[PDB]
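# Architecture and fold: a report
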Protein chains: 2
Amino acid sequence: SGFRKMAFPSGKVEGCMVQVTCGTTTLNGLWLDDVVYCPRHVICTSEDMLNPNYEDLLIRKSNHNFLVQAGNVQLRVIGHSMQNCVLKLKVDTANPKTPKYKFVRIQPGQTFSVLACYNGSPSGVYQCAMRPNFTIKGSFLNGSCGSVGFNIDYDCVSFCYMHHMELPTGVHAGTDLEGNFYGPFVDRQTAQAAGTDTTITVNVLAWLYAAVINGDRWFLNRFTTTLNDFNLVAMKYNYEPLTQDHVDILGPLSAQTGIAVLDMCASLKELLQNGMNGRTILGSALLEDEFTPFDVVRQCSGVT
Amino acid sequence: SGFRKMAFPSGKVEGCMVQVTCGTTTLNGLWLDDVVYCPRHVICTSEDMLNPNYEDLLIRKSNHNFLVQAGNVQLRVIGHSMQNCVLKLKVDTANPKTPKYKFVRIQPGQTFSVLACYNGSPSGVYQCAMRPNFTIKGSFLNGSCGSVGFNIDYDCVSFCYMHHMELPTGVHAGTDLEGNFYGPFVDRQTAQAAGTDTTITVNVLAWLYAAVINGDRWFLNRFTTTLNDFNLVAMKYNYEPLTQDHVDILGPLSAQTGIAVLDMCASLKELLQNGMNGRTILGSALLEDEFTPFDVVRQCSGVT
Ligand SMILES: Nc1cncc2c1CCCN2C(=O)Cc1cccc(Cl)c1
Ligand SMILES: Nc1cncc2c1CCCN2C(=O)Cc1cccc(Cl)c1
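Residues numbered from 1 in each chain as written, not as in the entry; some residues may be left out. Chains lettered and ligands numbered in written order. Heavy atoms only, no water.

## Points about the site of ligand 2
The condition that has to hold: Nearness of a residue to a molecule or strand requires only that one of the residue's heavy atoms be within 4 Å of it. The definition of a polar contact used here is a pair of N or O atoms within 3.5 Å, where within protein one atom must be able to donate a hydrogen and the other to accept one, and adjacent residues in sequence count solely through side-chain atom pairs. Accessible areas in this description were obtained via Shrake-Rupley with a 1.4 Å probe; residue shielding takes into account the shown protein chains only.
Within the structure, ligand 2 sits among 15 residues, and B:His41, B:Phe140, B:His163, B:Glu166 and B:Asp187 are positioned closest to it. What surrounds ligand 2 is not a single chain but chains A and B. Between a nitrogen atom of ligand 2 and a main-chain N or O atom of B:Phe140, the distance comes to 3.1 Å. Between ligand 2 and B:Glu166 there is a distance of 3.0 Å, counted from an oxygen atom to a backbone nitrogen or oxygen. When the free accessible area of ligand 2 is taken as 480 Å², the share hidden by the protein chains comes to 83%.

## Considerations on the relation of the copies chain A and chain B
Heads up, the rule is: Each copy is laid over the others by a least-squares fit that uses only its C-alpha atoms. Pairs of residues are marked as contacts when any of their non-hydrogen atoms sit within 4.5 Å.
Take chain A, turn it by 180°, move it 0.0 Å along the axis, and it overlays chain B with an RMSD of 0.0 Å. Read as a symmetry element, the transformation amounts to a two-fold axis. Considering only C-alpha atoms, the residue of chain A closest to the rotation axis is A:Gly11, which sits at 1.8 Å. Looking at the interface residues of chain A, 100% of them are also at the interface in chain B, so both copies use one shared face.

## What to know about the interface of chain A and chain B
Let me state the cut-off plainly: Note: buried area is the sum, over both parts, of the accessible area (probe 1.4 Å) each one loses when the two are combined. Counted as salt bridges are all cases of a side-chain nitrogen of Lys or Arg within 4 Å of a carboxyl oxygen of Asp or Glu. The helix and strand labels rest on DSSP assignments: H or I over at least four residues marks a helix, E over at least two residues marks a strand, and numbering proceeds from the N terminus. Residues are grouped as follows: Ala, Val, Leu, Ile, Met, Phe, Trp, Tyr, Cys and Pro are nonpolar; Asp, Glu, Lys and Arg are charged; all remaining types, including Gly, are polar.
Residue-level contacts link 42 residues of chain A with 42 residues of chain B. Broken down residue by residue, the surface that chain A buries against chain B is led by A:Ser1, A:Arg4 and A:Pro9, which jointly contribute 24%. Across the chain A-chain B interface, the total number found is 2 salt bridges. Close ionic contact of B:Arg4 with A:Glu290 constitutes a salt bridge, the shortest N to O distance being 2.7 Å. Summed over the shared surface of chain A and chain B, the result is 25 residue pairs in polar contact. Elements with a contribution of two residues or more to the side of chain A that touches chain B: α1 (11-14), β9 (111-118), β10 (121-129) and α7 (293-301) of chain A. Broken down by element, the residue count for the side of chain A that touches chain B peaks at 8 residues, all from β10(A). For the side of chain A that touches chain B, the per-class residue count stands at 17 nonpolar, 19 polar and 6 charged.

## Observations regarding the sheet that holds strand β3 (residues 35-39) of chain A
In sheet architecture, strand pairing relies on hydrogen bonds along the backbone and comes in two forms, parallel and antiparallel. Residues and elements named next belong to chain A. Which entries qualify depends on this criterion: Note on pairing: two strands pair once DSSP finds at least 2 bridges between them. An axis is simply a line fitted to the C-alpha atoms; with a helix, the fit covers only the stretch in contact. Between two such axes, the angle follows the N-to-C directions and lies from 0 to 180 degrees.
Strand order across the open sheet formed by 7 strands is β5-β4-β1-β2-β3-β7-β6, with antiparallel pairing between neighbours. One side of each edge strand has no neighbouring strand; the edge strands of this open sheet are β5 (73-75) and β6 (77-83). Strand-to-strand, the axes of this sheet are offset by a mean angle of 30°, without reference to chain direction. The pairing of strand β1 (residues 17-22) with strand β2 (residues 25-32) spans 6 bridges and is antiparallel. Among the inter-strand pairings, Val18 is bridged to a residue of β2, identified as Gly29.

## Things to note about helix α5 (residues 244-257) of chain B
Residue and element names in this part refer to chain B. Threshold: To estimate how far a helix should extend, the number of its residues minus one is multiplied by 1.5 Å. Here the bend at a residue is taken as the angle between two axes, fitted respectively to the seven residues that end there and the seven that start there. Using a 1.4 Å probe on the protein chains alone, a residue whose accessible area is under 20% of its type maximum counts as buried, one over 50% counts as exposed, and one in between counts as partly exposed.
Given a rise of 1.5 Å per residue, 14 residues ought to cover 20 Å, and the 19 Å separating the end C-alpha atoms of α5 matches this to within 8%. For α5, the principal kink sits at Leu250 and spans about 45°; a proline, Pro252, occurs within the next four residues. Inspection of α5 places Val247, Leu250, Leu253 and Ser254 among the buried residues, and these make up the whole buried set. If you follow the buried residues of α5, they end up packed against α3 (201-213), α4 (227-236), α6 (261-274) and α7 (293-301).

## Here we look at the domain arrangement of chain A
Interface size is often expressed as the accessible area that is lost when the parts come together. All names here are of chain A. For the record, the criterion: For every domain, the bounds stem from an assignment made automatically or drawn from a database.
Along its sequence, chain A is carved into domain 1 (1-14 + 100-197), domain 2 (15-99) and domain 3 (198-301). Domain 1 and domain 3 are separated by 25 Å when their C-alpha centres are compared. Domain 1 puts 18 residues into the contact, and the matching count from domain 3 is 20 residues. For the pair domain 1 and domain 3, the summed buried area comes to about 1,500 Å², and 56% of that belongs to carbon and sulfur atoms.

## A few points about the pattern of salt bridges
All names here are of chain A. Under the definition given, this model contains 24 salt bridges over all chains. Put simply, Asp229 and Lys269 hold a salt bridge, and the shortest N to O gap is 2.9 Å. Here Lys269 lies in helix α6 (residues 261-274) and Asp229 lies in helix α4 (residues 227-236), a separation of 40 residues in the sequence. For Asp229, a relative accessible area of 28% corresponds to the partly exposed category. Classification of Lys269 by relative accessible area gives buried; the value is 16%.

## Points about the environment of A:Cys16
Residues and elements named next belong to chain A. Its location among the elements puts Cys16 in the loop between α1 and β1. The spacing of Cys16 and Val91 is 75 residues in sequence and 13 Å in space, taken between C-alpha atoms. Setting aside its immediate chain neighbours within four residues, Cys16 contacts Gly29, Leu30, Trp31, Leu32, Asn95, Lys97 and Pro99.

## A look at the site of ligand 1
The full set close to ligand 1 counts 15 residues, and A:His41, A:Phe140, A:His163, A:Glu166 and A:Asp187 are the nearest of them. Looking at the residues close to ligand 1, they fall on chains A and B. Within the contact set of ligand 1, a nitrogen atom lies 3.1 Å away from a backbone nitrogen or oxygen of A:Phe140. Measuring from an oxygen atom of ligand 1, one finds a backbone N or O atom of A:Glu166 at 3.0 Å. Out of a free accessible area of 480 Å², ligand 1 has 83% covered by protein chains.

## Topic: unusual backbone geometry
Residues and elements named next belong to chain A. A positive phi angle, close to 65°, is found at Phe134, a residue other than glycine. Within the secondary structure layout, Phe134 lies in the loop between β10 and β11 (148-153). The backbone of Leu282 sits at a positive phi, close to 50°, despite the residue not being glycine. Note on placement: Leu282 falls in the loop between α6 and α7.

## Quick look at the sheet that holds strand β1 (residues 17-22) of chain B
All names here are of chain B. One open sheet accounts for 7 strands, arranged β5-β4-β1-β2-β3-β7-β6; its pairing is antiparallel. At either end of the open sheet lies a strand with only one pairing partner, and these are β5 (73-75) and β6 (77-83). Adjacent strand axes in the sheet meet at a mean angle of 30° when their direction is disregarded. Note: strand β4 (residues 66-70) against β5, 3 bridges, orientation antiparallel. The residue of β5 that forms the bridge with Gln69 is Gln74.

Structure below.
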């Protein structure tokens with residue numbers, strides 16, 4: 001019983017964190033096998049960030065200009081290349097702590113854990129979601145670049161995010177592990193505005209199912225709705241449209257509780273229209289959208 | 001920028017998790033040096049839990065009746081003793097992954113990270129607080145007993161909690177690593193009710209300072225108050241009384257923001273009296289009390 005914003009155990013990722021310095025810029029790198037992955041803006045000075053030509057700036061850098069430190073020991077850089085917005089530094093030593101891993105590009109609405117790091121050292125772990133506007137609401141300070149986002153399936157770490165940038169609004173942008181930014185963001189010190197941060201409806205529904213499983217049931221109403229009727233309401237409240245794909249994914253939660261997906265949509269519709277009236281659900285006074293239906297099943301079943 | 005409920009990186013604790021089985025009961029153990037610590041109710045059947053005499057039940061158990069498995073390998077139990085509500089199983093092998101560690105008994109209001117485990121395997125990490133009624137609001141399923149709570153200072157893990165029990169209300173109770181329960185709880189299948197779960201005022205104030213640091217400032221008012229006036233309001237809203245010790249601990253946050261502690265108390269007083277009016281602070285529609293002033297300083301400074 002109880003429901004928490006839970007992150008994956010970070011050990012497997014902690015074993016991969018390294019410090020990468022180029023010139024006077026220091027950030028985090030991810031050491032997997034004999035490659036260290038880091039944001040390409042490690043080669044930039046603050047002045048370079050205004051309008052960087054990364055290919056040009058990289059010509060002035062050789063293998064010995066990239067200082068990679070794993071713990072208190074120096075790794076020897078024997079090759080370097082740029083893949084989109086990430087640098088791949090080939091080192092002469094495979095990371096002995098390399099876990100089984102994959103690189104995945106996630107969809108908006110998907111959740112992951114972040115191991116926030118500074119100087120190659122882990123400071124904390126938290127759970128977040130890729131927003132529908134392709135930003136993340138993280139907790140990152142200067143030096144946090146190169147910290148990564150990931151999910152774990154038994155013994156396999158799927159790396160999905162690498163932190164690159166803070167927007168002028170204090171929200172965060174980054175890339176997958178192939179260096180492609182999520183969303184339209186560019187690694188440049190130029191004002192970039194994020195789009196509408198809509199609520200991830202399927203995740204709110206998953207969290208309403210988690211609340212019923214854990215005993216918070218006051219919000220269950222006597223109504224039902226249709227996908228089209230619900231979506232008219234969802235549109236009005238800047239919620240993402242619900243599709244039959246989302247209904248399908250909520251099926252195991254509907255089966256466990258005996259509450260039809262469309263009945264739960266009608267409960268959500270009434271909560272949107274009437275508010276919480278000073279009440280709480282799972283210790284929250286607002287509708288939580290950073291738990292996927294998979295996260296709810298995982299937490300409520302105890303997958304390790 | 002950004003503010004998250006952040007847990008400590010769990011790696012150091014993951015390396016200590018083991019599975020302990022006695023008869024047909026299986027739970028988690030914490031392997032540090034050559035000792036495995038686990039809840040004493042590992043020796044109980046479900047029938048025994050109704051009215052257990054642990055000293056009597058333990059007479060029927062020998063070293064070979066405790067099966068300790070670390071990963072997929074079996075540890076040899078060469079001694080066993082009961083210390084309060086925990087069993088200490090001496091094994092013939094020191095844990096090679098034992099981090100630098102201390103056992104601490106925390107005060108109510110203090111926060112810690114929990115590495116929730118099942119069958120000796122970590123499932124997730126989350127941050128919580130020792131409530132003023134000595135319960136924790138965790139996320140624990142059957143098999144989670146023996147999962148631990150901890151804090152980390154650079155390379156030293158301070159273990160503060162070991163999970164033992166779920167109360168009939170779905171809140172959690174457990175012990176320090178010396179086996180002494182927090183609060184008046186007993187390891188028995190008997191209905192035990194928790195006292196008033198008051199709000200940890202000093203933590204709410206720390207989180208209001210975190211909000212100002214991160215740009216959420218709408219709640220700052222033109223008023224000030226006194227400790228006695230504030231505490232009259234705090235009493236009325238089931239908030240813990242604020243003392244000069246709490247004011248002293250908020251000093252670094254007051255210094256960073258230039259907002260006197262008593263001015264922040266007056267802002268909190270108005271929020272209690274007027275509510276949030278549909279607004280949010282740091283993404284929350286309620287006042288958060290699971291961040292200590294130390295946690296806010298740590299997250300806002302990037303301690304690793
Ligand atoms: N607090 C914080 C969090 N996450 C990143 C950053 C900060 C503060 C300063 C460093 N930083 C950046 O965003 C630096 C940067 C500038 C322009 C483009 C890119 Cl790719 C990066
Ligand atoms: N869901 C859950 C979470 N945390 C613990 C437990 C559960 C469900 C069943 C196991 N369990 C217990 O509390 C078993 C127990 C009974 C009586 C006294 C003590 Cl010390 C322990």
